[PDB]
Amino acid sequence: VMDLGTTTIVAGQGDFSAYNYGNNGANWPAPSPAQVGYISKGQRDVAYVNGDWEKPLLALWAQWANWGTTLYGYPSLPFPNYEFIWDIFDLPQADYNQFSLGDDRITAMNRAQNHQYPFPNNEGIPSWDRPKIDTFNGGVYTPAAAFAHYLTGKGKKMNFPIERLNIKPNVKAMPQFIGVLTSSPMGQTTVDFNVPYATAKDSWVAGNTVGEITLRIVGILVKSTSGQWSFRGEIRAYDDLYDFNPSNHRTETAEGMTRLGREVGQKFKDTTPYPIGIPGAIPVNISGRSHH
């Protein structure tokens, strides 16, 4: 499925199994901070399913780290630390459910959250080793999943398939291509050049995940004596380092995310950049003619 986070869906707390578990009084003999934790997942999930991922995480962290700043309307929690940790666990699984299983957003999150929630500890809870999660969906969970992998993936490579970036490069408008088109000999020429590309121009998800990447344009150009020309080839992309680059932050919460990035390693001691492969090719088949 190609749910690349372009559409907005309608969701409420009651769409999420974890919230429902928290809100079922039959489950809870007494008042409980664990019950409160389950309830809290509902409103965060509502945000997540539409890609509003910075605010829920920032609200948790701001509590944990005593920033004394805005909680973005979220309730203060008994253990905002435990909820931040579990969301970091759940978010990449939700993203992977979309990619691997073609789950819709809500199903993907409920599937991801269909597990026990013991208190996280310093003895292997949660279990971060999940080598099967190796490719991003390119949708509403992808930026959060990429951040989670920064915190806990221990340097392992992730793949963002090029077609899931949702980019729409205009080769004819690239100055390098225009240059090649004018400077190439008559007849058939091999074309191969590199160009930086701001993915945010095309795709909020890509922009908030990989940001600027380097494309490679490769193919065969033919310039005919009639003035006609054609180019057939493809666009590929080089691996791109995920290092939580502030250039990629969405404006509204950029200050908060920058602060988070500077502090998160205090608590997530394995935080480290990792390569994002951007495998595959986008076909190019274009043509035109000289203006003279």
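For every residue, the number given is its place in the sequence shown, counted from 1.
The question of which stretch, 32-40 or 62-70, has the higher mean Cα B factor is settled in favour of 62-70.
Mean CA B-factor, 215-223 versus 139-147: the higher value falls on 215-223. Among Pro131, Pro80, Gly207, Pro161, the highest C-alpha B-factor recorded in the PDB entry belongs to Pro131.
Sorting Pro169, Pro92, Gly187, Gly124 by the CA temperature factor given in the entry leaves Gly124 at the top. For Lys267, the recorded CA B-factor ranks within the highest third of the chain. Only modelled residues enter the ranking.
The entry lists a Cα temperature factor for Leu260 that places it in the middle third of the chain's modelled residues. Sort the modelled residues of the chain by CA B factor and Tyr96 lands in the middle third.
Annotation for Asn248: C-alpha temperature factor in the lowest third relative to the rest of the modelled chain, per the entry.
Among all modelled residues in its chain, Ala26 ranks in the highest third by Cα B-factor.
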